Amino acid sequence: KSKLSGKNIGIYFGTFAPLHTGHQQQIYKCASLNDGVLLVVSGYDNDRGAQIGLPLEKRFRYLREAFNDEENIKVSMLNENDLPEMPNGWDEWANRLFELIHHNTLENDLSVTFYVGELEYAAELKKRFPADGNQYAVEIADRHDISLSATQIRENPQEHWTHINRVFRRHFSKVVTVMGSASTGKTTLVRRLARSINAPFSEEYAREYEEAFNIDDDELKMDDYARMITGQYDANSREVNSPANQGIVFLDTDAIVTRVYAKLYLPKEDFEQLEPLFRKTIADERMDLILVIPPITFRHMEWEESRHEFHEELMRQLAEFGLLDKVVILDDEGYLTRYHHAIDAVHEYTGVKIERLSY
């Protein structure tokens, strides 16, 4: 009984890559004028949304979540694959459309209104109203501002962040990850970089884990490393998904960093046993900028020594995963300080404005 109730039904179309407040204002007006609204997400393989990593199936799921607390609003999918390109696609297209209306509606003798943004769709739809006992009307709505907003969001999400629907925000987020040995100032750097622009940041999970479970670096076993992989990943996703996210988040280490420690300190067998979880987790990471603190002259007591060992292995692995074009090495102390170098790198890779201190 997950069908739309009522007699006056509005049909609202979009690709929704992403959904934004322009859509939402129109939808809620439409829902105030009708007994219920059917949102139609249209798409096809390798369409505009698919090309930026938002294929039809994902936009449909995101919309369902976005409208998960609405009485009279249903979300449905119009799959446009395998259509004859010319005229005979219009018949089949409409068939699928009216099938969607039939399946997702409770009652009969409806009064249905299509909200349509292109003159071609209106004319083709008006010729193909079926004799199903419903009354149909097509209403032209101006979509120019909505389409332009969508285009501007895709070009520069950080400039239009507050208008992006929250379910879509993770996809468009910029992500800066800091990497380095223990006791090199990562945590101080992360917090200063993030606080400089009101961005959220994560903490190094390994430090929390060793305090909560009260164990030293040299007591870590294979299973601790596994828990640090998922623990750091969850902490990082939490910040990317945080409502405090304004478009840029800072991460204090990641699975690659943990993979460097594992490679250096675990027995070969135990490392090889963690490799699938490493690969899975590293594959789920999205990084735009990787800041590496190189070795120059609560404490991780064993992780302190052999900094150059850690750094060489880290650089090997960043090459192994093809990340070198996102890596900036903070070899200062040219810029005044490590912090000057990093905040400038943040500027170049995210677009955010940074104030000067001096003339």
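Numbering starts at 1 and follows the sequence shown.
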query: Deposited but uncoordinated residues in the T297/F298 interval; finding: 4 to 9
query: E333-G334 interval: deposited residues absent from the model; finding: 4 to 9
query: Higher-scoring stretch by recorded Cα B factor average, 345-353 or 5-13; finding: 5-13
query: Mean C-alpha B-factor comparison - 251-259 and 95-103, higher one; finding: 95-103
query: Out of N165, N214, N79, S242, highest CA B-factor residue; finding: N79
query: Candidate residues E124, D223, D234, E210, the one whose C-alpha B factor the record puts highest; finding: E124
query: Assigned third (lowest, middle, highest) for the C-alpha B factor of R286; finding: middle
query: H144, C-alpha B-factor rank within chain (lowest, middle or highest third); finding: middle
query: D132 - Cα temperature factor, lowest/middle/highest third of chain; finding: highest
query: For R195, the third of its chain into which the C-alpha B factor falls; finding: lowest
query: Chain-relative CA temperature factor third for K268; finding: highest
